[PDB]
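We did not get these values from a lab; they are worked out from the coordinates using the rules stated. Cβ atoms come from the backbone with ideal geometry, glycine included; neighbour counts cover every protein chain shown.
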Amino acid sequence: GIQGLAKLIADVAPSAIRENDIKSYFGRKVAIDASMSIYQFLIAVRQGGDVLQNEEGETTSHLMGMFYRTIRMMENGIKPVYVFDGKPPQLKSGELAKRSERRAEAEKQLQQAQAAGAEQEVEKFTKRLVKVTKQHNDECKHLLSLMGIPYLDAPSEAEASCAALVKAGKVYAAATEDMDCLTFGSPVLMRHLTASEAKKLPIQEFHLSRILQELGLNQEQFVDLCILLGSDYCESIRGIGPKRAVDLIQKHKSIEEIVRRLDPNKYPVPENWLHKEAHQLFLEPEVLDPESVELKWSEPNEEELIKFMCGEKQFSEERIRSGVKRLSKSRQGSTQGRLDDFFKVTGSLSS
Amino acid sequence: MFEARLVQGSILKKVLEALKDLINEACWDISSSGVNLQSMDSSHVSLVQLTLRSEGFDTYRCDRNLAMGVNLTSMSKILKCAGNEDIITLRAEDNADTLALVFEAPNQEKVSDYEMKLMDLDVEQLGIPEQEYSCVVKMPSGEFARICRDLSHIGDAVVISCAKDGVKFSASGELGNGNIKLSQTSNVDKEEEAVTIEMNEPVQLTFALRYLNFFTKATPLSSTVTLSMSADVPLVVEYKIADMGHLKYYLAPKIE
Amino acid sequence: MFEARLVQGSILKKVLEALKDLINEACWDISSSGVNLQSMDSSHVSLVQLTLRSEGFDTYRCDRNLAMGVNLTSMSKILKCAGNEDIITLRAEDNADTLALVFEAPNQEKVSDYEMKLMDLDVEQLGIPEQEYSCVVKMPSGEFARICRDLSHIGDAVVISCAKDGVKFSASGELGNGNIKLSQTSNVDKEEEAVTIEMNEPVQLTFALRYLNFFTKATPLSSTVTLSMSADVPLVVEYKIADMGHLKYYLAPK
Amino acid sequence: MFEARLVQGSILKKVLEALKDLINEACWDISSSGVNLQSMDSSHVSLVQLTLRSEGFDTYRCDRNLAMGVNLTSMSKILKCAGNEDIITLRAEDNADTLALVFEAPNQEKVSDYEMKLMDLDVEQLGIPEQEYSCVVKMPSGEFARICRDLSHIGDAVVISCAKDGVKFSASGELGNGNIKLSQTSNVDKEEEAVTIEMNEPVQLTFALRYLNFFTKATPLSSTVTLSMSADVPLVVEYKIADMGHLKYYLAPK
DNA sequence: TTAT
DNA sequence: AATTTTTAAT
DNA sequence: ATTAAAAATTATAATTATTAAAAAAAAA
DNA sequence: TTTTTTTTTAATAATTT
């Protein structure tokens, strides 16, 4: 994604970062980009040395990982909506050209890994070959329809349409691993939404309105900071990174006066400098209408998971049937309101 | 510069065992008229209002309005070092980067100096108004520690109802249903084992019992707890410390 | 309309603290004569015979013979909510499977109504035609409760041997050899903490000690436990509850 | 061939609760003049010297320089199988590698014959020399149980500073900084509360706390503990074990 | 045909 | 996604 | 020299079942 | 306040397949 926006935010505006808890939300709905969840549960959760599969051939590690993560999110009151990526735009195909060669570099490296056969290097090198096709999501969107949790197929980009969902107020947060949801304009971005109860990875919240207050910008120029920070659509300027782009945007505001107020010998402008096309894509992408779809919360069924996942994916009978029962005991109860609905913040106090 | 000598130092010991399981990091609003803590939980549910007044302390002096961001888990590890009879003096001088706890033992002469590394917190304070509550229940404090521990075995939600001649701590769960009724006993001469219910309209709410189990760790301070409810107004679990002030626990209800 | 007001609430509470780790679920064979429970453990080794007669309850009545299925883990946590000085009334309903437990301290005003959800397992009861035994070892229960706690650190098996001088809880193991040669005292003073052994025939049986740790959880009921055994019959771990029936446990030997 | 009958059993019991966490495997160099032990811990940092003299035992009948190998976890399990007022009689045999322990109740007739399976290990003669000590700090033992537990919440480094007016225990860490200062109270009439320091050379050096916390598990053995140390000498955390010898704990500084 |  | 050493500029 | 940025190098985990301590509840 | 006991936790590979 963006080269070090999170490190820049943590080293410039630490008041826009709130390390929260898993139980800290409790009724506020989030919008999971499900693609990083699917890659996390195909890369981390393995059987040892390879993918984890049944004897029919296809893999199902992402189904159980996203199953227990989804049940643990609704145990803590968090109501997910899973937004899946659709056909990507043509500006992303430069990054997909970089992702094609970086996948194929590990394809040639798998020939070198399989000669030695050492499991510290076989399992490390085969994690880079994880590819999500249509059947990796057609067998995965069917599971969330059994819960009654809405799944959303974005027409262009799931990072873009998560940020439009927070913008309309239909969802509270976009729980997304990359920093692109700040660029299309979600006022709340969540990070590391993990089912673990420990504080080895605290859950970190990006308030974009606290970023734009601290930086003194708005949405149309924080996009312009992302272009100099090396976004996936177009490359950045070769001499400007994190620390050289905060002061440059705060001196010369728009992207059209970055180029005209620069010496091109020290900082060479690249030939694929499509800043104006990516500025149109970041502000107004072709996302689905958030008012067109409603986040329905239907009752989950237990008997249909037996014929779909206990038989076909041959899982444990005493864990899926325990999983629906621990889902329905955390669903029918009332939603605990937050304290900010009753009391208002009067004095900002600091140490 | 700031010196807060407390002869009954187990009062300040029993405060921080009641906040180490709820508040990870708090800002102590040290005024010249007392010691204040208004730190809402990181789960965005429960406020803790602590008021240690200046007249309750033995030798209290203060100059500026301090704000010490204190890891309260790290405070309860330090405050577990003193016993139940030690004279506890807090100290924080100018450019207050640290808080010096002095646990002066009164008879065995174990002068325990404890210098705490503080933390940087920007904790927002919440504006609490002065309103009249509907059903004010003045329970025994150890009875309320029993009741929240009892109904947490059944389910995670208590249903507190105020009848005309009693209060009902209803609960339900997978184990079944549990109703605990407490009729008023204002005719009893001692106020330690008396339930006094101040009624003008009946009210029925629903509160989470995970935060109420955190609230009943302040029961070694007072022998009498006060619960204050109204319609869509948070529960005020108040532990009035004798001649020192109050430890008010606010709690947002569950709304259907 | 089953209704059993029990004035000494620690009697029912200490029963459920003993069956919460050994009996998963059982049928309370509640009749007009009294509360009965013939059960068997979840590992299908030990047998539990709990009898609570109607004379110990204050007001007891039964319209019919009620045999409901109560989860012993869920009833023990609900009886953990009762006080040690509480008065326990069991207002079960014939029409709906709900066992309503009412707790009320007599010095206090705390009326604690507790209702349960009931899974009627309908397990057929196991009845044993009990007979005379070889040695009836009436021995102090809280001192017996540490005896199986001592020998469980050594091994998982004990050999109980009734002899002329007294019993001998000899237990071997990979950590060492442990023999507790408890001679018979039979002093006429302090009968609640004395040892009384009856003598018929020489006894040598090897038991399992993992379930004898479970059997000593009922030791806050009675001060005296009976260890009554014979040659090839399971032992009766009889806890004589005061002015009621008895809670007996059984263990088939190794 | 060796019988060591002891009147009260808590003297041997509180030794083994102090030694189960620190020492996993050592040899008991039992001599004719008493019971000695010159162990060293499993991490090879802290050296433990124990002495139980022959005059403090009620009946001592040692005949040879016995050095058996005892698993200290297996001994402390069997020492958990005893009351706090029991009569402990150790026994050993020449051909069998078995250390026998007979536990007699004083008011009851519970004879608890326990036998230990022993093993051969590396019999190490560490041989520490006796030498002078610059700062001898006698303090209450429950006070030393507090201070090692109090400073363990901060970090794992205690400096011990000597003065004629008192002794300072200071610890520091990422959580904060601690400084516990005692005082040489010479006006206390009892000896279990007074702190007595005999110092000529002041000394301040850093000690670990993971081994000082295991040293404070010997605090029920006696009410007084004496801390003797110097500039490069390891600290002697010396207990008394009533009037039966001493328990020396050595800790090398950081 | 599509994650950082 | 973060590190991390190496290469480069103020 | 510090600062800074682009070559390269490594990462995406969660449930039950124990488990070995570690403070809490009942009663010391 | 402090012993011993049971209840949570932070443990750590161990599958989960």
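Things to note:
- For the range D:216-230, the residues whose amide N sits under 20 Å from a probe point set 7 Å from the Cα of residue D:84 along the beta carbon direction are D:216-225.
- Residue D:26 long-range amide H proximity, modeled H, under 5 Å: D:70, D:72
- In a DSSP loop and with at most 14 other Cβ atoms within 10 Å, the trypsin sites (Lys or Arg not before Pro) in the range A:112-165 are A:131, A:134.
- Near residue B:167, the amide H atoms lying under 5 Å from its own belong to B:182, B:183; only residues 5 or more places off or on other chains count, and H is placed 1.01 Å from N.
- From the alpha carbon centroid of the range A:292-344 to that of the range B:80-142 is 43 Å.
- Our coupling estimate for the range B:206-214, obtained by passing each phi through the Karplus curve with A = 6.51, B = -1.76, C = 1.60 and θ = phi - 60°, is 9, 10, 6, 8, 6, 6, 6, 6, 6 Hz, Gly and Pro reported as x.
- On full extension, the segment bounded by residue A:45 and residue A:298 gains 88.2 nm, given 0.36 nm per residue less the C-alpha separation.
- Residue pairs, from the table C:138/D:110; A:329/B:248; A:98/A:124; B:77/D:138, whose Cα atoms sit over 23 Å apart: A:329/B:248; B:77/D:138
- A full extension of the chain between residue A:127 and residue A:10 corresponds to an added length of 39.2 nm, given 0.36 nm per residue minus the alpha carbon distance.
- Of all DSSP beta bridges in the protein assembly as shown, antiparallel share, percent nearest 5: 95
- Relative contact order (%) - criterion: Cα under 8 Å, at least six apart; region: chain A: 24
- Helix axis angle, D:141-150 relative to chain D longest principal axis, alpha carbon, degrees: 60
- Fewest-first ranking of C:50, A:288, using other Cβ atoms within 10 Å as the exposure measure: A:288, C:50
- Prolate/oblate/rounded call for chain B, Cα gyration tensor, a/c under 1.5 rounded: prolate
- Placing pseudo-labels 7 Å out from each Cα toward the beta carbon at residue A:326 and residue B:130 gives an inter-label distance of 4.9 nm.
- Full extension of the segment from residue D:42 to residue D:163, taken as 0.36 nm per residue of separation minus the current Cα-Cα distance, would add 40.1 nm.
- Listing D:62, C:162 from fewest to most neighbouring C-beta atoms within 10 Å gives D:62, C:162.
- Cα centroid of the range B:181-246 to Cα centroid of the range C:79-120, whole Å: 24
- Amide H contacts under 5 Å for residue B:156, placed H, 5+ residues apart: none
- Qualifying trypsin sites (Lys or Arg not before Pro) for the range D:171-220 [loop in DSSP, other Cβ within 10 Å: at most 15]: D:190
- Taking other Cβ atoms within 10 Å as a rough exposure proxy, A:107, A:75 sort from fewest to most as A:107, A:75.
- For chain A, the dipole from Cβ point charges (+1 on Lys and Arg, -1 on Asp and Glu) about the Cα centre works out to 940 debye, to the nearest 20.
- Loop-located trypsin sites (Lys or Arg not before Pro) across the range C:1-94 with a Cβ neighbour count of 12 or fewer within 10 Å are C:64, with loop assigned by DSSP.
- FRET E, pair residue D:208, residue A:195, Förster distance 45 Å, beta-carbon r, rounded to 0.05: 0.75
- Chain D: relative contact order as a whole-number percent, Cα under 8 Å and 6+ apart: 21
- For the residue pairs B:168/B:217; B:168/C:20; A:108/A:200, the alpha carbons lie more than 31 Å apart in A:108/A:200.
- Inter-label distance, nm, simple model (7 Å from Cα along the C-beta direction), residue C:31/residue D:8: 5.6
- Where labels lie 7 Å past Cα in the beta-carbon direction, separation of residue D:67 and residue A:276 in nm: 9.3
- For the range B:190-205, backbone phi angles converted through the Karplus equation (6.51, -1.76, 1.60; θ = phi - 60°) give residue-by-residue couplings of 7, 8, 6, 10, 10, 9, 10, 10, 9, 10, 9, 9, x, 8, 9, 10 Hz, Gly and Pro being listed as x.
- Per-residue Karplus couplings for the range C:239-252, computed as 6.51 cos²θ - 1.76 cosθ + 1.60 with θ equal to phi - 60°, are listed in order as 9, 7, 5, 5, 5, 8, x, 8, 10, 10, 10, 10, 8, 6 Hz, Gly and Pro entered as x.
- Separation of the range C:187-254 and the range D:197-254, taken as the distance between their Cα centroids, equals 49 angstrom.
- Straight Cα distances below 17 angstrom link residue D:14 to the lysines D:77, D:80, D:217, D:240, D:248, with same-chain residues fewer than 8 positions distant left out.
- Too-long pairs where the Cα-Cα distance tops 31 Å, listed order kept, from B:13/D:254; C:164/D:117; A:325/B:20: B:13/D:254; A:325/B:20
- Our helix-only sum for the protein assembly as shown, with -39,500 (n - 2.57) per DSSP H run of n ≥ 4 divided by its residues, gives a mean residue ellipticity at 222 nm of -6000 deg cm²/dmol.
- Cα gyration tensor category, rounded, prolate or oblate, for chain A with a/c compared to 1.5: oblate
- Cα-based shape type of chain D, given that a ≥ b ≥ c are square roots of the gyration tensor eigenvalues and the cut on a/c is 1.5: prolate
- For chain B, the longest site-free run once trypsin sites (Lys or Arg not before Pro) in DSSP loop states with at most 10 other Cβ atoms within 10 Å are removed: B:1-163
- Here the calculated FRET efficiency for residue A:104 and residue A:334, from their Cβ-Cβ distance with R0 = 56 Å, stands at 0.60, rounded to the nearest 0.05.
- A Cβ-based charge dipole, computed about the Cα centre of the range D:102-254 with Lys and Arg at +1 and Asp and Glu at -1, lands at about 600 debye.
- Once C-alpha pairs closer than 8 Å and six or more residues apart are averaged by separation and normalised to the residue number of chain B, the relative contact order reads 21 percent.
- Dipole in debye (nearest 20) - the range B:81-142, about Cα centre, beta carbon charges: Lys, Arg +1; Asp, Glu -1: 360
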